[PDB]
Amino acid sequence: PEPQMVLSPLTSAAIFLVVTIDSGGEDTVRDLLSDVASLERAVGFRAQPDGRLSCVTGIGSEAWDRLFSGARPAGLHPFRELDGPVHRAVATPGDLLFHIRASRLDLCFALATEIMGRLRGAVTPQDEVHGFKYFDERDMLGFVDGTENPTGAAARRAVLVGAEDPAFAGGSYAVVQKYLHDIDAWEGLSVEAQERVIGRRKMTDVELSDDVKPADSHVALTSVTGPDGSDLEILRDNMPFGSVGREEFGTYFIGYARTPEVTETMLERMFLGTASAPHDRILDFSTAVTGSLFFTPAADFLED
């Protein structure tokens, strides 16, 4: 099976598009699905090799049942709301996801325009986010973001559905959350206090040693080990976004995994806490305003 481009080269721009399907809009949706790879080539080819344009297309749980009969991927369910003692992970509507990435925003915008043009009258936009990475891979909190992502074989093992669900091999599961930051509060901390919240040094990006790293630091709470003592990993491509005039400074989280159970265990640790950690300290400066879960099929599924 040929996968969609979940395993993309690094990109500096992105458009995230989340829509719901209107009643009656199912067949227009299906026709787009069968053409989305053709559109990707059409927009991207003339801008190569620097463009790096790709599109990953996801389908939510409730949408799947409307669109397709027969077998359902084994881990597809709606996003699970988490109501912690202090912080909460909200669940918000979404039926399709377009994750569009490139080296420049104009290529993302071009592709989005063609997709949205084909769907007009068949869907309702829920969220549109134009992301940009800082030139040194830093996020809105000023920390490098992406450093521990798996690469090569480890990435394929972590991200791609295999023989555990054969009919859907080559697919993946995407979780999105739009965060908005309290920048005023964050900038009132010392750099050393920010370090203790994330778990790594700010300027040099070196992990804090195990003797100094807090139990409630981000890196601590999202480090998860499986039965066999192996690291359970996800692949993230978080993107900064914002608006200077409305004081909107955000991180657009997106995490890919082979099963949602990994990502969901991480979110439970962050929002609900553990015996040794009340919650992820990053959430004292970060509020989630969306939350959705999708299955991103194999490319050959969409073609048929």
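Residue indices: 1-based, along the sequence shown.
- For the segment pair 24-32 and 54-62, the entry gives 24-32 the higher mean B-factor, averaged over Cα atoms.
- Mean C-alpha B-factor is higher over 75-83 than over the other stretch, the pair under comparison being 195-203 and 75-83.
- Of all the options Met270, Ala47, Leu235, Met239, the entry's greatest CA B-factor is assigned to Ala47.
- Across the options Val144, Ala110, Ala174, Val224, the residue with the most elevated CA B-factor in the record is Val224.
- In the PDB entry, a CA B factor belonging to the lowest third of its chain's modelled residues is recorded for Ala277.
- Per the PDB record, residue ranking by Cα B-factor puts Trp186 in the lowest third of the chain.
- Ranked by Cα temperature factor within the chain, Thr296 sits in the middle third according to the deposited record.
- When the CA B factors of the chain's modelled residues are split into thirds, the value for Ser209 lands in the highest one.
- The deposited CA B-factor of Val19 belongs to the lowest third of values across its chain.
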